[PDB]
Structure formats: C-alpha cells, structure tokens
Amino acid sequence: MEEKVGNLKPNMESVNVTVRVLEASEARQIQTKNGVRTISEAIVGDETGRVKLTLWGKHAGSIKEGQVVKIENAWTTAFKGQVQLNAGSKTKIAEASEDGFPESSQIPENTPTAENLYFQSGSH
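Engineer: Outline the overall build of the chain, supporting the account with residue identities and numerical values.
Structural biologist: Of regular secondary structure, the chain possesses 1 helix and 8 strands. Listing each helix as α and each strand as β along the chain from the N terminus yields β-β-β-β-α-β-β-β-β. The C-alpha atoms of the chain give a radius of gyration of 14 Å, which matches the 14 Å a tight globule of 124 residues would have. Here the C-alpha coordinates of the chain stretch approximately 45 × 25 × 25 Å along the principal axes.

Below is the structure:
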C-alpha cells in the first residue's frame, strides 16, 4: 500500500506502484515440473528508482521499452539477494502516467530518489 518501487519490500502480497518501462526483454518459456510459463525480464522505475520486474504469461510478452506501465496488488519475490517483482493474470496491469507527479522523466529512476507523497489523489 503506497510503497516505493526502488526500495520496495520483496515477498509482499500486495504492492501498489506506477513505473515507466526503460528496459525490457523478449519473453521466454521456462520448463517446470508443474508446466511451462512465458516469462520476460525487464527493469522499471519511477516512484524512487529502478528495480527488477519479471512478468508471467501474456503479460510477460505484453511489455515494451518506453511504455509507461502501472501495476496494482503486485506480488514481489527476492532471490540471490536481489529485488524483483512478479505479476500475472491475478495482478492488474494498466497504462497510466505519474500520479500527482509530472512524469518518470522528471523523476530520476536510475538511482533511489526522495519524494513527498506517492500521489495527490488515487484509489486503492
């Protein structure tokens, strides 16, 4: 609930943040005992900085560099001492710009930054 993306907390059941896509890769299928899934590797940021963000399924293949993406109730995980975000059908993904703030361009995402209030107004 209103958590920084750059400094987010891994293994969080619910995370609400809005970030701009700066780096993204083509989704690849991963074979597993339970089945196979198409996952894509991308890094996004805007709230305070950039963090690892991997999407699962069609969502994984629906990402694009330069495209601003907003996520709600996002589930994150941490492996090898690294911070990453996981999303799928259960998670809600929609196109939106910085809430209350100008835009990601005005807020450096390369490194963690300080800001006052996540947004002027919003829901959930």
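Now that the structure has been shown, the text picks up again.
Engineer: For the UniProt feature "DNA-binding region" in the chain, give the residues involved together with the corresponding values.
Structural biologist: This chain's UniProt record puts "DNA-binding region" on residues 19–88. Across residues 19–88, helical content stands at 6% and strand content at 64%; the span's end C-alpha atoms are separated by 17 Å.

Engineer: An account of the pattern of salt bridges is requested, with residue identities and associated values reported.
Structural biologist: Per the stated rule, a full pass over the model turns up 2 salt bridges. Residues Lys-4 and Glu-115 are paired through a salt bridge, measuring 2.9 Å at the closest nitrogen-oxygen approach. Of this pair, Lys-4 sits in the segment before strand 1 (17–24) while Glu-115 sits in the segment after strand 8 (92–94), placing them 111 residues apart in sequence.

Engineer: Can you lay out the nonpolar core for me, pointing to particular residues and giving the numbers?
Structural biologist: The biggest cluster of nonpolar side chains holds 18 residues, and the ones touching the most others in it are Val-5, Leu-53, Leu-55, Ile-71 and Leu-85. For this core, the elements supplying multiple residues, two or more each, are strand 1, strand 3 (35–45), strand 4 (50–56), strand 5 (68–72) and strand 7 (82–87). The residues contacting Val-5, other than those within four sequence positions of it, are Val-17, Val-19, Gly-45, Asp-46, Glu-47, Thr-48, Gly-49 and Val-51.

Engineer: Please give an account of the environment of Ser-25 that cites residues and values.
Structural biologist: Secondary-structure assignment places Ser-25 in the loop between strand 1 and strand 2 (28–32). Using a relative accessible area of 32% as the deciding quantity, one classes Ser-25 as partly exposed. Each C-alpha atom, one on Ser-25 and one on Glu-41, is 5.4 Å from the other, the two residues being 16 residues apart in sequence. Aside from chain neighbours lying at most four places away, what touches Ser-25 is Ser-40, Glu-41 and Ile-63.

Engineer: Hey, could you go over the side chain of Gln-84 for me, with residue numbers and the actual values?
Structural biologist: Structurally, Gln-84 can be placed in strand 7. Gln-84 gets classed as buried once you look at its relative accessible area, which sits at 13%. Here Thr-77 takes part through its side chain, which lies 3.0 Å from a polar atom of the side chain of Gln-84. When neighbours within four sequence positions are excluded, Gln-84 is seen to be in contact with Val-51, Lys-52, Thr-76, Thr-77, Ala-78 and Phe-79.

Engineer: Describe the pairing of strand 5, naming the residues involved and giving the relevant values.
Structural biologist: As judged from the 4 bridges shared by strand 1 and strand 5, these two strands associate in the antiparallel manner. Within strand 5, the residue paired with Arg-20 across the bridge is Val-68. Relative to strand 8, strand 5 runs antiparallel, the two sharing 3 bridges. Within strand 8, the position partnered with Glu-72 by the bridge is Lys-92.

Cut-offs applied
Residues numbered from 1 in each chain as written, not as in the entry; some residues may be left out. Heavy atoms only, no water. Helix = DSSP H or I, 4+ residues; strand = E, 2+ residues; numbered from the N terminus. Rg over C-alpha atoms; globule rule 2.2 N^0.38 Å. UniProt positions renumbered as here; feature names shortened; annotations may be inferred. Salt bridge = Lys/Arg side-chain N within 4 Å of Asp/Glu carboxyl O. Core = buried A, V, L, I, M, F, W, Y, C linked by side-chain atoms within 4.5 Å. Buried < 20%, exposed > 50% of the residue type's maximum accessible area, 1.4 Å probe, protein only. Contact = heavy atoms within 4.5 Å. Polar contact = N/O pair within 3.5 Å; in protein donor to acceptor, adjacent residues only side chain to side chain. Pairing = 2+ DSSP bridges.

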